[PDB]
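Have a look at the structure below, then the notes.
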Amino acid sequence: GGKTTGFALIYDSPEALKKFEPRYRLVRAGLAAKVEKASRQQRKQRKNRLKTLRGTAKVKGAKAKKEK
Amino acid sequence: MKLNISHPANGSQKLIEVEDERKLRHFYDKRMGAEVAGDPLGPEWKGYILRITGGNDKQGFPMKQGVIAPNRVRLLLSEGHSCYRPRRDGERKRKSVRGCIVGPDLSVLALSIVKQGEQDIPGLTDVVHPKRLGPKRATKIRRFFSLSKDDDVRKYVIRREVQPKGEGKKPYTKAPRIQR
Amino acid sequence: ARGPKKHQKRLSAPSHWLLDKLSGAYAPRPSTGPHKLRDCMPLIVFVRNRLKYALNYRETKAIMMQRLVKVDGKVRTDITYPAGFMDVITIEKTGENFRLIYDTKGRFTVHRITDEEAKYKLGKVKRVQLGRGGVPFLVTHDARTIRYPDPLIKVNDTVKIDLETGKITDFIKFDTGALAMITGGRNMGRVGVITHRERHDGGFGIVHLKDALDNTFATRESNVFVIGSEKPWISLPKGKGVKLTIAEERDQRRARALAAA
Amino acid sequence: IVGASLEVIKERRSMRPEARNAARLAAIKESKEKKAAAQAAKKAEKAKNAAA
Amino acid sequence: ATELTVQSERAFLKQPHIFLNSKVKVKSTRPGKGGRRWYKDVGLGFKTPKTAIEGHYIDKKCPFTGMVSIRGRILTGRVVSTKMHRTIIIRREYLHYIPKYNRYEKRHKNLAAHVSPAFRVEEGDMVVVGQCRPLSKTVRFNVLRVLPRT
RNA sequence: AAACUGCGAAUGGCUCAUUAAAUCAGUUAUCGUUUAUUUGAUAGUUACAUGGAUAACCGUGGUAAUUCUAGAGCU
RNA sequence: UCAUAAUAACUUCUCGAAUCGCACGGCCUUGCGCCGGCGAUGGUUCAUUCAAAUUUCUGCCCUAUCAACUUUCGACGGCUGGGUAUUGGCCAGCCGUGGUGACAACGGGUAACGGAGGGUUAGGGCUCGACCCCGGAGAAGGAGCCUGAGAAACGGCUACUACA
Ligand SMILES: [Mg+2]
Ligand SMILES: [Mg+2]
Ligand SMILES: [Mg+2]
Ligand SMILES: [Mg+2]
Ligand SMILES: [Mg+2]
Ligand SMILES: [Mg+2]
Ligand SMILES: [Mg+2]
Ligand SMILES: [Mg+2]
Ligand SMILES: [Mg+2]
Ligand SMILES: [Mg+2]
Ligand SMILES: [Mg+2]
Ligand SMILES: [Mg+2]
Ligand SMILES: [Mg+2]
Ligand SMILES: [Mg+2]
Ligand SMILES: [Mg+2]
Ligand SMILES: [Mg+2]
Ligand SMILES: [Mg+2]
Ligand SMILES: [Mg+2]
Ligand SMILES: [Mg+2]
Ligand SMILES: [Mg+2]
């Protein structure tokens with residue numbers, strides 16, 4: 001046929017739209033940019049790797065000098 | 001067999017290498033937490049008395065106060081014991097610790113200075129290190145400076161200075177947010 | 001089984017919620033509160049599935065965080081809050097008030113009420129006795145306890161609640177000739193007048209009612225809820241709970257359809 | 001302590017009571033005049049705003 | 001029932017919280033208040049027998065002058081064994097229906113109940129029992145009424 | 001950020017080895033008991049504010065080896 | 001012998017707020033004085049909610065080449081206690097001799113988790129159900145325990161056996 005059916009939302013102000021709309025819809029319209037992230041497994045693998053360090057896990061190279 | 005010597009008064013620590021056994025003979029058969037004289041270590045140690053605090057075995061196990069044995073024993077360490085850090089509420093784990101009787105088997109001793117001698121140590125007692133933090137509670141601030149009941153404890157807190165990374169601006173001051 | 005449950009499986013939820021068997025595997029699992037789990041009205045089901053104000057689960061909690069919706073004059077902020085019989089739901093921003101009441105088919109329906117009527121409630125009394133210090137008190141069907149009540153009030157009666165100060169203002173005795181609405185059983189939602197009551201020592205007494213159209217039915221005492229003597233105090237929904245048979249419903253359906261169009 | 005060298009601590013603990021007494025009197029009046037200034041500023045401003 | 005003596009045991013048998021040594025004497029109609037024997041009424045149209053109120057026996061499991069409440073089912077049966085001490089066995093008979101063959105068959109069950117010294121029970125008599133809390137390994141009912149003999 | 005403290009981790013998901021009045025089904029009882037959380041009520045017998053510890057952090061180490069840990073100094 | 005109240009006493013003995021965030025206000029003896037709003041987090045008892053543990057009645061497949069069974073060291077009941085969140089032969093002492101069975105007990109088989117239900121149909125039936133919903137049990141085989149409102153927990157700990 002030549003008929004099409006969908007859904008529509010009309011917002012009071014442009015600022016009210018960005019407050020309630022989901023992010024993925026914003027990317028479709030081009031208002032907002034996409035989020036850059038790593039894969040789901042790489043994020044999970046990194047999370048479990050940091051469970052073996054206690055305190056100031058950002059830099060842990062101090063243990064390289066123990067062997068001399 | 002290394003020695004770890006610490007100076008609580010000056011807040012300084014040092015590590016020395018000792019290879020001659022007859023100097024270490026007087027340390028043997030002593031218990032953890034006892035008093036010993038440092039004279040056999042050398043002429044520079046005259047007038048010094050030291051306190052035995054702990055040590056490590058050759059395999060790496062630490063000494064535990066309260067167990068009388070020259071060898072090492074397996075124990076069921078609960079929460080609150082010395083060489084155990086539980087990972088879960090109510091957890092109990094069986095571990096192995098080395099006794100509190102000093103012997104030739106251990107690899108490192110830990111000991112501290114109780115009484116200063118006439119001579120100085122080249123790298124231990126000739127330098128001092130400052131404290132890190134001042135008091136934060138309200139009553140402790142008053143006692144430290146011997147203030148009266150109403151002396152505006154706000155004004156007497158210790159404040160240091162810090163500056164940004166490379167902004168070129170002036171440094172500012174930091175304060176501890178008095179509690180109680 | 002090693003503790004209490006926290007999940008509700010779809011296809012096991014109460015039937016009167018009218019939930020589709022597809023589109024997911026779980027159900028809202030109403031939280032603990034003043035009303036029983038079997039017969040309650042979770043707020044998310046009311047807002048999203050009946051009023052259709054919120055599209056999905058994510059936006060249902062967005063409304064609640066703004067404290068827009070309140071029940072019995074006090075704002076509630078959890079989506080799975082168990083509402084029940086006689087509760088008053090007020091949304092000030094849109095400007096209407098709701099009362100939760102059964103229809104003739106045994107399920108909750110939307111029912112507009114005026115602002116003047118949305119400031120009082122009524123509930124069945126559960127027990128009367130002396131508390132700590134000798135102070136008398138009673139508890140209603142929605143876990144409201146009130147001290148210093150009228151000594152004439154006994155169990156199984158109903159009391160009008162101010163809902164602003166929580167004080168009893170008038171009451172109705174439980175006796176023959178009263179007007180009552182059923183809350184449980186197969187005769188759920190019917191409205192009738194108590195004809196007479198028969199009691200059995202050892203529990204489970206029964207009462208006989210009579211409909212407006214001279215129909216007759218019976219129910220256990222635990223399912224009868226007095227709402228008035230004559231001219232019921234609350235505003236009844238459309239149909240007044242008369243329970244037309246299946247023959248009349250299709251007769252009425254086509255008569256209404258052809259008359260309008 | 002790192003914040004104050006040893007000369008600072010004993011200087012502050014051994015300050016004579018006369019200096020401390022002056023500090024209390026200087027501070028107590030500073031707040032009093034500060035409080036009074038805010039009290040008069042608000043009461044007069046509301047009068048002219050109401051009039052015009 | 002036939003009991004030779006009331007105090008024939010290691011300890012002293014008495015109803016709890018019934019004070020018996022008072023200097024002043026006061027006469028009251030109430031059962032437990034004045035210091036005389038205590039008893040209650042079970043209900044459900046069950047009348048306290050005369051032997052209970054005026055008897056001297058001590059029993060902590062009797063529905064009358066005891067610490068047991070009766071609630072639940074009420075059943076009937078015929079006694080088949082009376083050879084224990086204050087305990088009897090009753091026999092209940094019924095008919096089970098087999099659907100395929102469209103007819104019934106006989107079945108029976110055995111029940112254990114506690115009998116109070118107020119009643120006198122013989123073999124082959126019909127009794128009425130009421131449910132109570134567990135009093136033993138296999139005793140959960142209490143005798144209430146003894147039907148008259150033919 | 002880190003670390004102390006509070007809460008959760010006893011729900012979910014998987015499987016059918018054991019089990020023949022046992023599990024289980026419909027129907028009763030708790031006047032024979034425990035109950036975090038939610039909801040509603042409810043407690044008149046130096047004070048303008050009490051006392052000692054500990055982690056993160058700084059610094060000195062051990063063991064081939066693990067989400068192992070020692071002794072010293074602040075709050 | 002309930003709710004609740006009163007009296008004589010008792011206790012390594014409790015609880016009755018030394019906690020936190022927004023607003024910037026009002027009195028006159030103007031003292032760095034007094035009073036005052038709404039929330040968060042806690043707290044003793046009763047009620048409620050999600051429950052949980054025990055408990056009444058009736059109902060399960062084949063087998064007699066299974067006919068008598070249960071009490072050494074509780075098997076059925078009485079009494080005084082001990083223990084448990086509580087009842088109870090659940091356990092300790094003392095005293096009686098009972099309890100189930102041809103209306104099929106007791107024992108052996110099950111290529112047996114139970115139920116809602118699936119397949120096949122004149123009616124009556126025969127057969128299957130590990131499996132999306134509800135209840136129970138288990139985490140290689142056995143036992144023991146810590147924390148907690150809730151576990152005899154195993155993506156928690158201790159020991160032996162078997163693997164590694
Ligand atoms: Mg009842
Ligand atoms: Mg919580
Ligand atoms: Mg927990
Ligand atoms: Mg589960
Ligand atoms: Mg699978
Ligand atoms: Mg509360
Ligand atoms: Mg009482
Ligand atoms: Mg007993
Ligand atoms: Mg026989
Ligand atoms: Mg089967
Ligand atoms: Mg099997
Ligand atoms: Mg199955
Ligand atoms: Mg199988
Ligand atoms: Mg399949
Ligand atoms: Mg396996
Ligand atoms: Mg907890
Ligand atoms: Mg398990
Ligand atoms: Mg296990
Ligand atoms: Mg696993
Ligand atoms: Mg698990």
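Residues are referred to by chain and number: the chain letter is A, B, ... according to the order shown in the structure tokens, the number counts from 1 in that chain, and ligands are numbered separately from 1 in the order shown.
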* Expected answer as a list in words: residues within 12 Å of ligand 15, only C-alpha atoms (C1' of nucleotides) and all ligand atoms -> residues 15 and 17 of chain F; 139, 140, 141 and 163 of chain G
Write out the residues from the selection above, keeping N, CA and C atoms (P, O5', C5', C4', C3', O3' and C1' of nucleotides), as a PDB file, in the first residue's frame.
```
ATOM      1  P     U F  15      19.195 -27.579  32.662  1.00  0.00           P
ATOM      2  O5'   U F  15      19.494 -28.764  33.681  1.00  0.00           O
ATOM      3  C5'   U F  15      20.684 -29.530  33.581  1.00  0.00           C
ATOM      4  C4'   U F  15      20.905 -30.360  34.821  1.00  0.00           C
ATOM      5  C3'   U F  15      19.845 -31.404  35.120  1.00  0.00           C
ATOM      6  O3'   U F  15      20.048 -32.602  34.390  1.00  0.00           O
ATOM      7  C1'   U F  15      20.339 -30.180  37.085  1.00  0.00           C
ATOM      8  P     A F  17      18.353 -39.057  37.827  1.00  0.00           P
ATOM      9  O5'   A F  17      19.786 -38.892  38.501  1.00  0.00           O
ATOM     10  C5'   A F  17      20.674 -39.992  38.625  1.00  0.00           C
ATOM     11  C4'   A F  17      21.338 -40.008  39.979  1.00  0.00           C
ATOM     12  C3'   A F  17      20.478 -40.491  41.134  1.00  0.00           C
ATOM     13  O3'   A F  17      20.411 -41.902  41.225  1.00  0.00           O
ATOM     14  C1'   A F  17      21.523 -38.478  41.745  1.00  0.00           C
TER      15        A F  17
ATOM     16  P     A G 139      25.483 -30.140  48.201  1.00  0.00           P
ATOM     17  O5'   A G 139      26.320 -29.820  46.886  1.00  0.00           O
ATOM     18  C5'   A G 139      27.129 -30.818  46.275  1.00  0.00           C
ATOM     19  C4'   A G 139      27.438 -30.482  44.839  1.00  0.00           C
ATOM     20  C3'   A G 139      28.599 -29.514  44.625  1.00  0.00           C
ATOM     21  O3'   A G 139      29.254 -29.836  43.400  1.00  0.00           O
ATOM     22  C1'   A G 139      26.628 -28.584  43.730  1.00  0.00           C
ATOM     23  P     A G 140      30.857 -29.911  43.328  1.00  0.00           P
ATOM     24  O5'   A G 140      31.163 -31.466  43.185  1.00  0.00           O
ATOM     25  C5'   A G 140      30.488 -32.262  42.222  1.00  0.00           C
ATOM     26  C4'   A G 140      30.881 -33.712  42.345  1.00  0.00           C
ATOM     27  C3'   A G 140      30.626 -34.348  43.702  1.00  0.00           C
ATOM     28  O3'   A G 140      29.292 -34.797  43.850  1.00  0.00           O
ATOM     29  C1'   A G 140      32.829 -34.835  43.008  1.00  0.00           C
ATOM     30  P     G G 141      28.561 -34.704  45.275  1.00  0.00           P
ATOM     31  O5'   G G 141      29.124 -35.954  46.080  1.00  0.00           O
ATOM     32  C5'   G G 141      28.995 -37.273  45.571  1.00  0.00           C
ATOM     33  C4'   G G 141      29.758 -38.257  46.420  1.00  0.00           C
ATOM     34  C3'   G G 141      29.371 -38.282  47.889  1.00  0.00           C
ATOM     35  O3'   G G 141      28.247 -39.108  48.129  1.00  0.00           O
ATOM     36  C1'   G G 141      31.730 -38.171  47.684  1.00  0.00           C
ATOM     37  P     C G 163      42.736 -41.783  43.040  1.00  0.00           P
ATOM     38  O5'   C G 163      42.028 -41.037  41.825  1.00  0.00           O
ATOM     39  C5'   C G 163      42.776 -40.217  40.942  1.00  0.00           C
ATOM     40  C4'   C G 163      41.963 -39.043  40.461  1.00  0.00           C
ATOM     41  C3'   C G 163      42.755 -37.873  39.904  1.00  0.00           C
ATOM     42  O3'   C G 163      43.138 -38.063  38.554  1.00  0.00           O
ATOM     43  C1'   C G 163      41.131 -37.075  41.425  1.00  0.00           C
TER      44        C G 163
END
```
Notebook entry, point to check: Which chains and residue numbers are within 8 Å of ligand 7, counting only C-alpha atoms (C1' of nucleotides) and all ligand atoms, if I want them as a list in words?
Noted result: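 The neighbouring residues of ligand 7 are, in order, residues 1, 2 and 3 of chain G.
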Those same residues - C-alpha atoms (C1' of nucleotides) - I'd like them written as a PDB file, in the first residue's frame.
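The resulting again_19.pdb:
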```
ATOM      1  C1'   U G   1      -4.050 -18.031  83.696  1.00  0.00           C
ATOM      2  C1'   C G   2      -6.279 -13.172  77.159  1.00  0.00           C
ATOM      3  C1'   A G   3      -5.681  -7.536  76.523  1.00  0.00           C
TER       4        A G   3
END
```
Taking a cut-off of 9 Å and counting only C-alpha atoms, can you build a table that, for each residue of region 20-66 of chain B near region 89-111 of chain B, reports the nearest atom pair and how far apart they are in Å (one decimal), sorted by chain then residue number, as CSV?
```
residue,atom,partner,partner_atom,distance
B:24,CA,B:104,CA,8.8
B:25,CA,B:104,CA,8.9
B:27,CA,B:102,CA,7.1
B:28,CA,B:103,CA,5.2
B:29,CA,B:102,CA,5.3
B:30,CA,B:102,CA,5.4
B:31,CA,B:101,CA,4.7
B:32,CA,B:100,CA,5.2
B:33,CA,B:100,CA,8.8
B:50,CA,B:111,CA,6.5
B:51,CA,B:111,CA,5.5
B:52,CA,B:111,CA,4.6
B:53,CA,B:111,CA,5.1
B:54,CA,B:110,CA,5.0
B:55,CA,B:109,CA,4.3
B:56,CA,B:108,CA,5.4
B:57,CA,B:106,CA,4.1
B:58,CA,B:107,CA,4.8
B:59,CA,B:107,CA,8.3
B:60,CA,B:107,CA,8.1
B:61,CA,B:97,CA,5.9
B:62,CA,B:98,CA,5.9
B:63,CA,B:98,CA,4.7
B:64,CA,B:100,CA,5.8
B:65,CA,B:100,CA,5.5
B:66,CA,B:100,CA,6.8
```
Next, the residues of the selection above should be written as a short mmCIF file (atom, residue, chain, number, x, y, z; two decimals), in the first residue's frame with N, CA, C and O atoms.
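Below is the file that was written, selection01.cif:
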```
data_model
loop_
_atom_site.label_atom_id
_atom_site.label_comp_id
_atom_site.auth_asym_id
_atom_site.auth_seq_id
_atom_site.Cartn_x
_atom_site.Cartn_y
_atom_site.Cartn_z
N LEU B 24 76.37 -11.56 65.95
CA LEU B 24 74.95 -11.86 66.09
C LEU B 24 74.68 -12.97 67.09
O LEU B 24 73.52 -13.38 67.24
N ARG B 25 75.71 -13.47 67.78
CA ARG B 25 75.50 -14.56 68.74
C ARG B 25 74.63 -14.11 69.91
O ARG B 25 73.78 -14.88 70.38
N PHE B 27 72.21 -12.12 69.98
CA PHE B 27 70.80 -12.00 69.63
C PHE B 27 70.06 -13.32 69.75
O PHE B 27 68.84 -13.33 69.94
N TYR B 28 70.76 -14.44 69.64
CA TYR B 28 70.12 -15.75 69.60
C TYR B 28 69.45 -16.06 70.93
O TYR B 28 69.84 -15.57 71.99
N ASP B 29 68.40 -16.89 70.86
CA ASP B 29 67.62 -17.39 71.99
C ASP B 29 66.84 -16.30 72.71
O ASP B 29 66.23 -16.59 73.75
N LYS B 30 66.84 -15.07 72.22
CA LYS B 30 66.02 -14.03 72.80
C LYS B 30 64.58 -14.14 72.29
O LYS B 30 64.31 -14.80 71.28
N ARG B 31 63.67 -13.49 72.99
CA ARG B 31 62.26 -13.51 72.62
C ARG B 31 61.85 -12.19 71.99
O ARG B 31 62.50 -11.16 72.15
N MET B 32 60.74 -12.25 71.26
CA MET B 32 60.17 -11.06 70.65
C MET B 32 59.67 -10.10 71.72
O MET B 32 58.94 -10.50 72.63
N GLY B 33 60.07 -8.84 71.61
CA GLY B 33 59.70 -7.84 72.59
C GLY B 33 60.64 -7.69 73.76
O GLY B 33 60.28 -7.05 74.75
N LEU B 50 68.61 -1.88 72.53
CA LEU B 50 67.67 -2.06 71.44
C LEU B 50 66.53 -2.98 71.87
O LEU B 50 66.68 -3.81 72.77
N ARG B 51 65.39 -2.82 71.21
CA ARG B 51 64.20 -3.62 71.45
C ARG B 51 63.91 -4.48 70.23
O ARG B 51 63.85 -3.96 69.11
N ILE B 52 63.73 -5.78 70.45
CA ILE B 52 63.44 -6.71 69.37
C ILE B 52 61.95 -6.64 69.06
O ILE B 52 61.12 -6.89 69.94
N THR B 53 61.61 -6.32 67.81
CA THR B 53 60.22 -6.14 67.42
C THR B 53 59.67 -7.24 66.53
O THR B 53 58.49 -7.55 66.63
N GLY B 54 60.48 -7.81 65.65
CA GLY B 54 59.98 -8.86 64.77
C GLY B 54 61.03 -9.25 63.76
O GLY B 54 62.16 -8.75 63.75
N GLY B 55 60.63 -10.18 62.89
CA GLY B 55 61.54 -10.66 61.86
C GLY B 55 60.82 -11.48 60.83
O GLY B 55 59.61 -11.73 60.93
N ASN B 56 61.57 -11.90 59.81
CA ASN B 56 61.06 -12.71 58.72
C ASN B 56 61.91 -13.96 58.55
O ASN B 56 63.14 -13.92 58.69
N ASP B 57 61.25 -15.07 58.25
CA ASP B 57 61.94 -16.33 58.00
C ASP B 57 62.64 -16.29 56.64
O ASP B 57 62.44 -15.39 55.83
N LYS B 58 63.49 -17.30 56.41
CA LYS B 58 64.15 -17.42 55.11
C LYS B 58 63.14 -17.62 53.99
O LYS B 58 63.31 -17.10 52.89
N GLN B 59 62.08 -18.40 54.26
CA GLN B 59 61.05 -18.60 53.25
C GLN B 59 60.17 -17.38 53.07
O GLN B 59 59.47 -17.28 52.06
N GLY B 60 60.18 -16.44 54.01
CA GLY B 60 59.38 -15.23 53.92
C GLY B 60 58.28 -15.12 54.96
O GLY B 60 57.61 -14.08 55.00
N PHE B 61 58.06 -16.12 55.79
CA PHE B 61 56.98 -16.05 56.77
C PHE B 61 57.38 -15.12 57.91
O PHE B 61 58.55 -15.06 58.29
N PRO B 62 56.42 -14.38 58.47
CA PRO B 62 56.73 -13.43 59.54
C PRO B 62 56.64 -14.05 60.93
O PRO B 62 56.06 -15.12 61.13
N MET B 63 57.23 -13.36 61.89
CA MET B 63 57.18 -13.79 63.28
C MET B 63 55.89 -13.31 63.93
O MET B 63 55.41 -12.20 63.67
N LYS B 64 55.32 -14.15 64.79
CA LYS B 64 54.08 -13.85 65.49
C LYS B 64 54.32 -13.88 66.99
O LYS B 64 54.83 -14.86 67.52
N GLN B 65 53.93 -12.80 67.66
CA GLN B 65 54.11 -12.71 69.10
C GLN B 65 53.10 -13.60 69.82
O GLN B 65 51.92 -13.61 69.48
N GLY B 66 53.58 -14.33 70.82
CA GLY B 66 52.72 -15.15 71.65
C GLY B 66 52.84 -16.64 71.44
O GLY B 66 52.25 -17.41 72.21
#
```
List as JSON lines every residue of chain G that is in contact with ligand 11, defined as an atom at most 10 Å from one of its atoms (using only C-alpha atoms (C1' of nucleotides) and all ligand atoms), together with the nearest atom pair and the distance in Å rounded to one decimal, sorted by chain and then rising number.
```
{"residue": "G:110", "atom": "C1'", "partner": "ligand 11", "partner_atom_place_in_ligand_line": "1 (Mg)", "distance": 9.0}
{"residue": "G:111", "atom": "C1'", "partner": "ligand 11", "partner_atom_place_in_ligand_line": "1 (Mg)", "distance": 9.3}
{"residue": "G:112", "atom": "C1'", "partner": "ligand 11", "partner_atom_place_in_ligand_line": "1 (Mg)", "distance": 6.0}
{"residue": "G:113", "atom": "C1'", "partner": "ligand 11", "partner_atom_place_in_ligand_line": "1 (Mg)", "distance": 7.5}
{"residue": "G:130", "atom": "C1'", "partner": "ligand 11", "partner_atom_place_in_ligand_line": "1 (Mg)", "distance": 9.3}
```
Output the selection as a PDB file, in the first residue's frame - C-alpha atoms (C1' of nucleotides) for each residue.
```
ATOM      1  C1'   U G 110      11.562 -49.186  39.773  1.00  0.00           C
ATOM      2  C1'   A G 111      15.489 -48.301  32.900  1.00  0.00           C
ATOM      3  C1'   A G 112      10.608 -43.499  39.881  1.00  0.00           C
ATOM      4  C1'   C G 113      11.565 -36.188  41.633  1.00  0.00           C
ATOM      5  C1'   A G 130      14.171 -35.019  32.786  1.00  0.00           C
TER       6        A G 130
END
```
Would you list the contacts of residue 133 (chain E) as a list in words, taking every protein, DNA or RNA residue within 8 Å and counting only C-alpha atoms (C1' of nucleotides), but skipping same-chain residues closer than 5 positions in sequence? residues 68, 69, 140 and 141 of chain E; 32 of chain F; 87 of chain G
